[PDB]
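First, one chain by itself in structure tokens, the form deposited in one PDB entry.
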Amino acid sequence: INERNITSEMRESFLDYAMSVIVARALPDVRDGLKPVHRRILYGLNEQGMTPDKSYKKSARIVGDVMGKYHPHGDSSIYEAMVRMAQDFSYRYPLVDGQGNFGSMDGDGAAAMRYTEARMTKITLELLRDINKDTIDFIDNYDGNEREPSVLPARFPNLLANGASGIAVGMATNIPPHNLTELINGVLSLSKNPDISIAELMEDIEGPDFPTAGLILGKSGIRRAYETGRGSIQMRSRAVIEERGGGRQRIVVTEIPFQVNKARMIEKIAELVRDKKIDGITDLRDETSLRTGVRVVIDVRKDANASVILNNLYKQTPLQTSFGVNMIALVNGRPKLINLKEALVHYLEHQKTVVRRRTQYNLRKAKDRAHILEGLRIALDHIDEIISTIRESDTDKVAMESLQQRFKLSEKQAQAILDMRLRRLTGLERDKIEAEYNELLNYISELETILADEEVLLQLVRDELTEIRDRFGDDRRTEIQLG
């Protein structure tokens, strides 16, 4: 037992590492669109009551809390993950609301974690909604001292909405973000027809929708990626040609491809010009400002053909760039290449499970409460005898037993009565009990209706999705040109 064969060691050690990176680091879960680190951050913000109504917390406190309770890795891993969730040029639907320098398109990092502050965005409440109603399974944290969610309720389709990118071991994932109104329309369409095809779903979901806008060239790359989960999609900057006077022209770029560093793209153009690999450029300036948005200007030599220069720039610089779609996510605790319809089907299955479990928990909680009110009413109807029983009893134990035998109360009912405070004996309280009881019986019935009919439950899912669509859905930003 003190000797180890090198082949065995390599095989065991490697496979421990590889499997861990696939299931527990680099790939998102198809159900909520999250990687372990992101899930721990959001759950931490939840568990710290860092909601949108409450004010910002110091990043270092947020991060320290997360690394200690849920994420036993370096803080920079955590803080960088949290930063990207706050950037409107990385996240189509930002999950974190930042206070401070949270970075720019130039690949300027955020301010250090001691400078910055953060909370949930409003949409993030939708990812966490119902987490405390037995909707999702909790698990032990890394050290056994805490509980952490294995998946979030994810009341909107966050995998496709914000997209994912991860290098794992043995594969990677690259899923572009999408428009929320489109996604939800597609889930609705699918819910009404299990046999919907990719072509029909694409009547709702036309293509990715980058936070950074821009153009996509043609539907062919989109189509292949949604049918097979793999595809190349050509993203192009929004550029125009315009006059600058004395009969000279310039190209003006105001939107650039997703995940392209603006500063570095400019450098590449500058280098092309310097090394004479492009003809006709006289000047290159970044006129971007917080006031006017992205504005890059490329001056053209008098009488040069600006359209030819621009075509060259797309060919020779990140001004046009591809997004290689490779939709690998979490399907039952494993990395799986999935097409568009599969991603939506796993999402809708998760929603059905969430809403069913929510309904069941609410039903249990309502019946337990009814049960307590049935005892409280008995107690108030016999209050003198109740008090006298308690006064004659030496101990809690004795009082519990007497109350249970004399008035047919359960253990829980007896406990509730012994816990009653004296102010609950005022005159309106008897009627308050009766009020609450009558609504609760009504509520119980409504819940039971839902658990009885698959169709009623499914409509409830549709209704909640539609409400989310109306509150948060927005306009498409990326233009897909039939080029």
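We number the residues from 1 along the sequence you see. Between two forms, the rigid core is defined as the largest C-alpha subset superposing within 1.5 Å.
The deposited model assigns a higher average Cα B-factor to 290 to 298 than to the other stretch when 290 to 298 and 158 to 166 are compared. As recorded in the PDB entry, 390 to 398 is the stretch of 83 to 91 and 390 to 398 with the greater mean C-alpha temperature factor.
Per the deposited coordinates, the residue with the largest Cα temperature factor out of 107, 153, 177, 214 is 107. When the C-alpha B factors of 182, 126, 209, 271 are read from the deposited coordinates, the top value falls at 271. Among the modelled residues of its chain, residue 29 has a C-alpha B-factor that falls in the lowest third, as given in the PDB entry. Sort the chain's modelled residues by C-alpha temperature factor and residue 423 lands in the middle third, per the entry.
Sort the modelled residues of the chain by CA B factor and residue 254 lands in the lowest third.
Ranked by Cα temperature factor within the chain, residue 52 sits in the highest third according to the deposited record. Per-chain ranking of the deposited C-alpha B factor places residue 186 in the lowest third.
Beyond the structure shown, there is the form deposited in another entry, which is absent from this document and is the topic of what follows.
No residue in 254, 181, 389, 326 other than 389 shows a CA shift of 2 angstroms or more between the shown form and the other one after fitting the rigid core.
After superposing the rigid core, the Cα of residue 426 is displaced by 2 Å or more between the shown form and the other one. Relative to the superposed core, residue 398 shifts its CA atom by 2 Å or more between the shown form and the other one. Comparing the forms between the shown form and the other one on their rigid core, the Cα displacement of residue 86 stays under 2 Å.
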